[PDB]
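Before any comments, here is the structure.
Every chain is named by a letter (A, B, C, D, E and F) in the order it is written, and numbering of its residues begins at 1.
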Amino acid sequence: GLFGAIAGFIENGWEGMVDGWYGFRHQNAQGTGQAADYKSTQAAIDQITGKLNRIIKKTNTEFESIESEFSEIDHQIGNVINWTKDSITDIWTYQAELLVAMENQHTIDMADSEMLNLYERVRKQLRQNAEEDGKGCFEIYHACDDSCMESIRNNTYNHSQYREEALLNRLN
Amino acid sequence: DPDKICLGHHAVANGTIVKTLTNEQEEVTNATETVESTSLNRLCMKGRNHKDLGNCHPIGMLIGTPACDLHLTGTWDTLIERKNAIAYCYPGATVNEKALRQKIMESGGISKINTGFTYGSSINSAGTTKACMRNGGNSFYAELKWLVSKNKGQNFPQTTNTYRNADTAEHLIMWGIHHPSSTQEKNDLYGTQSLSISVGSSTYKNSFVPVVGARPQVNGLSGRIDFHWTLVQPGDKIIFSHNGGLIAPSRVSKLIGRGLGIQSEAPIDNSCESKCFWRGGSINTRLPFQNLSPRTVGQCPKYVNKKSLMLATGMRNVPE
Amino acid sequence: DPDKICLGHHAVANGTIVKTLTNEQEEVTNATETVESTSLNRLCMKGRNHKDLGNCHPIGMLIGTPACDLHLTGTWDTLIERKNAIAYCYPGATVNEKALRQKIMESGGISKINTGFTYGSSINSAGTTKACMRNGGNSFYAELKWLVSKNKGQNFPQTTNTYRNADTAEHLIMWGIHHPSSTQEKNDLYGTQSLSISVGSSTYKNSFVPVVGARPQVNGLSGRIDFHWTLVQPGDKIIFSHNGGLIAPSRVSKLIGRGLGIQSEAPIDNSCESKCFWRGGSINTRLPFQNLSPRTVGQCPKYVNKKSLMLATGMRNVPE
Amino acid sequence: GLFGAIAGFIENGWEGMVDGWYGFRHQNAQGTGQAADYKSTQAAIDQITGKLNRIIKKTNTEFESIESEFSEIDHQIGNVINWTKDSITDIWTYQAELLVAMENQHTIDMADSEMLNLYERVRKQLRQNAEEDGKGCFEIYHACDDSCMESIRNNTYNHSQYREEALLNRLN
Amino acid sequence: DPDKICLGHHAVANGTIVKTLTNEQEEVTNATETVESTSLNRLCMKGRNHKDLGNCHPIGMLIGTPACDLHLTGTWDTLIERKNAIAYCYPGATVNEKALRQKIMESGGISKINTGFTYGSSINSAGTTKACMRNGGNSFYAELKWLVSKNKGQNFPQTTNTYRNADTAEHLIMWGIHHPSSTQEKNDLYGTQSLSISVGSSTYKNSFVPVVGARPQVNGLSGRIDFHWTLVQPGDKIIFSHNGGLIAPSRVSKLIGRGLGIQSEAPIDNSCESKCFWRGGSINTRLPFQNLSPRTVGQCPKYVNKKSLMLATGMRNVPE
Amino acid sequence: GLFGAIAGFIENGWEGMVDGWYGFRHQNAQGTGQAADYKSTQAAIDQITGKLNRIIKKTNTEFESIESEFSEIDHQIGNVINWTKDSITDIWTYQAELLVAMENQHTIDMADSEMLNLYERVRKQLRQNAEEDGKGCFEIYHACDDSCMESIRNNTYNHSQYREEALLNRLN
């Protein structure tokens, strides 16, 4: 896709992540775990909610009948009405198809961008203490326990604390 | 070896297919419908002073066809017309009928005002017919009078009647012209004299002659009564001059305000509200589009030639 | 010293200009046209049981103008009308002509049914005119008869003719009224009596009087024959009562099914197919838009006021 | 452009690359070469094919004549038909212009994104063995022969094999 | 600690709110209006050869109502009709009025051509009325003549008047029919004879009878003069045959070219220019949309049901 | 947002930057600096001007009156005209709303992309001589005087000039 993350360098989604749209899986000495990211999830949901608020509505224009259901209509005027109504229906059918196609494309690419923005946030947080594996994971070159993993997820990880350890493990 | 943190996104086992600019078979985690396919099979009339006409045609409300006896006056914001409604008990038709029906179906009520027309002793003003029955008895259009000679064969006397609009709003006046089945019948009802009906206001002028040409029986009657109408402006007079063949108005109509005219087959429900109506009932959807019918009235979703149009409400579904 | 791997994209020598949201002159590697500018100068009639009327006007098919002798009956899915087609050989016009022509051009065929109209010895039903030539001689509309008095100057007899619709579908009946050029001509053809023609069905009635007013010559003729029409419903009858002036139907018409009416000057071509037609010919494009004409019929691309709209089919062209 | 590669950090396109939309050029001690990338090229082509399938079509609504070519029309109804047809033409002309403008913008940016996604895939493959030069190239800090270059192109390059050599060359 | 370089973007203290696809309240650095809300309260006529009709109604230009004396001929690219404009000084109406007014308001000028009609000694062609005052004296429509019997009570003679179109373009011919207030009045003006007016061309014919039926006084007059019209083609004749009741044309009209018809109450301004007009004035905006009125003429922005639609002309505003 | 810079990793805009839309602030031994970036600014402005040229215009179609202001109109045709005009108005109102919503989304995201493209250009220039702080700044690990800072703004900064100094400070 446009931003290269969802159906891109992220191989596939996680069916086991039911409390969020985006999140983390980690591996350390204590074991493995999973956690959803609130900020990225809500950013995506709020944008889709905004689309729904704009799209799911009708006009307030009051229309009256110009075609009799139960009696005859004039032949000349009736033909003009039929031409006009079918022309209007072609326009709305076209507009409806284009709207939903365009909006769907944007929704998919918007979701992709929020995945990438989360990935980019974490990359910059970790700084010189980790390396990208190419599949959406960061290999962290220091002991990073459950509290350390929480600090990465919380956006409170201080790279300076682990830099000496990490550069020794990375570069030797 | 290094510890690891992995970034990811959710997925579902069963995704939903949507169309995009570049892909007609795009799988997403969730989607929602934008085209309404369902209707309520009732006319949702909560919050509306509505009138269901039943077998009464709107035009029959002005002339007083028996089927319209409960609907000669009233007020409403919504007027419901039904299939096979009756306007004419006696064989005939209204000139400029479509414009008249539309005026009535745009109205918010009807009031009736007496013309005050009177007739001399040689006129029978209470002509009736088997075509227009009221409970097994011969009758006539309630807002009109069939004038004939009281003595069979005698010349109907020259008569002039005037209705003045004393109101500040325009009134709608209707009259009929009787077209007899034969010369003998014409002579019996109106005499051997040449017949002529003149109608004249400040804004309207016309002349009519009863015609006696041979024509087939409709409900056993070769005669016809055709209706004509005009608007009488505030303060103006309309003058009828006639010597046989006029079906004269006993009252005129005043159309009050505005209302929504609905043509539908659906029964009334006073417990639901709605702003959109069609032949089959009411559309209460929040969706922008619908595929029920191109013929709707009120505040409606737009009609589209489409069964479904799914709007994505989630990311691309990439299952495990 | 490091080795190098460079990522890049293609380019072309001759790029194409397109418009974007932000740039009127954006160069891309390739693009394709979305507005059709070309048309085939021919009516592509393959897969269509078509009728080219030539010099026959659609209304002439119902009355039987000499130019329409090969088009009095038939079936078709596509009907082609041409410029300067003749309906009225004798000077005149049809009342409600536009509605009638549209009905014929909407149809998928015409059938004819005998009226069975017969006339007594004092009527000459073989009236003809130089206006309507057939086989190098004076003739008349094939589906009608010009009735005049057998003896010149004598009163045309009071006559009744009744057509009964014994079919399950409505029949289209046409008749004419002759309007003489003078009182002397009127007297010669129909006598000195006052003339009156009445027509009456269950759903229609009208009365006509021949008018003898002075008027200029149209192809040497000050007389006029005006046409009138109505639909006779299944099981109904229509009664003509007349004493001079009626141009009476020998046959009535039945319009069958539906078809596409085309108005064009372009020649027929059975070698190829099309779904879209206009005055200049056929539009067989797969493109969504066209700039040939706003007046098209069938299944067509939408008309736009634009010479060209190029859709990009490639990336930005950034050449070397 | 939106993704910064095409008409961006990549200075220009390659007219010599006739077997693909995106690709590689390499330089090592043994020589130079060029090769197209199939997956990125096909991703871009398939999306453009998708647009053409949706756009290049007409409605199946059958219209009949409401304006006589060879005869006069009523003046009032004729004026209404003229107003209606010109109003409908203005809508379709506007919609066509907006459609093609919007689609052209998206096609150009989609193509840009596929260039960037290929560049990003290669960056993550090379890991700590190469550095970006800013012109769309990577300077590789170990001897990378034709087989090594091929392994980069076909997504089988294993950074760990060359990492020891590359880090010593990068740190000098 | 290291040196540093920071990348950033501008912001403004007072941002502007716009709507996006995903956000109804998005703050940006700048935006601009796309819907015009303001109108100039005048008709901007710079660069236009225009005619302001004032209290002259367009139809009055053809018949020559006193209010239209300065608007009987001319050329223009823009024609301005005002509210309560006078067409008929004498009580009456024009048949097919709406089509006629539209033809005049579509034109780019009117030229007048003499009919050359003359009348014998037993016709008084100088009939006048207090309804149509001119310079304080009883007068009449400038382009027509009220023909009455010279001798009061005497039969108006059987009269013929013929106009031939000698021009290469079609001419619009108008005439009136007088409908008297009573039998005594009818007898005084035209005699006791039965009255008939026939009008006949190649493409048109009709017959008219003055009607005497009772009707109310309009400015003290129960009489009516109704107008009729037709187009006489190049080379064609039109023949009037009449014996009382014809209001005969002394001139015919030729509509020249095309122009823009405006209906408005706003005053003329020759300093300002515009291509879009409405009832309340002019719209000379560059913006694509407007919310002033759905009823406009010329080259206009499209009407929309919105107060404002702000287009962003800058990035998201993120203040410090 | 889509590209993650404006209202993203860049915390806020600069009200004190009045001569451009995007730019630089710096700190070195010589002093504190600020300068606008011309190319990114003009790129954004030109794209917005392009939109305004396409959007701020009306059709050249000449419409005449089909509704009398001062006179009566026929009842059947009047209802048809009212229905048609209100249908046309609903279409144009909808088109206008969609146009401006779509254009505003694209304008905002386009501006975000130009910010990111400038940031990315600077990142690639600095190469291994600086590190990202996560807030849109680069900590430069060598003495970078006013001429050095100007070379970064000019796109003429050569990382090799300062690489030895920078790596010694980065690795400590």
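Here, a residue touches a chain if its C-beta (ideal position, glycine included) is under 8 Å from a C-beta of that chain, and two chains touch if they have at least 3 such contacts.
The chain pair with the larger count of C-beta pairs in contact, out of C-F and A-B, is A-B.
For the pair chain A and chain F, the distance between mean C-alpha positions equals 21 Å. Annotation: 34 Å between the Cα-based centres of chain C and chain E. Work out the mean CA point of chain C and of chain D, and you get 53 Å between them. Contact with two or more other chains is made by residues 19-22, 98, 302, 305 of chain C. Contact of a single residue of chain D with at least two other chains is seen at positions 1, 3, 48, 51, 54, 59, 61, 63-64, 74, 76-77, 79-80, 84, 89-93, 95, 101-103, 105-106, 110, 131, 133, 171. Taken as a graph of touching chains, this assembly is fully connected, with contact between every pair of chains. Remark: the chains found to touch one another pair up as A-B, A-C, A-D, A-E, A-F, B-C, B-D, B-E, B-F, C-D, C-E, C-F, D-E, D-F, E-F. Chain D makes touch with chain E in their complex at residues 74-76, 79, 90. On the side of chain E, the complex with chain C involves touching residues 160, 198-202, 205, 207, 236-239, 241. Only residues 1, 5-7, 10-15, 17-18, 20-29, 44, 48, 51-52, 55-65, 67-71, 73-74, 85, 89-90, 92-93, 96-97, 100-105, 107-108, 111-112, 115, 118-119, 122, 130-131, 135-144, 149, 152, 169 of chain A touch chain B when the two sit together in their complex.
Against chain D, the residues of chain B that register as touching in their complex are 19-24, 305.
Listed in rising order, the residues of chain D touching chain F in the complex are 1-4, 8-9, 76-77, 79-80, 82-84, 86-87, 89-91, 93-95, 98, 101-102, 105, 131-134, 170-172.
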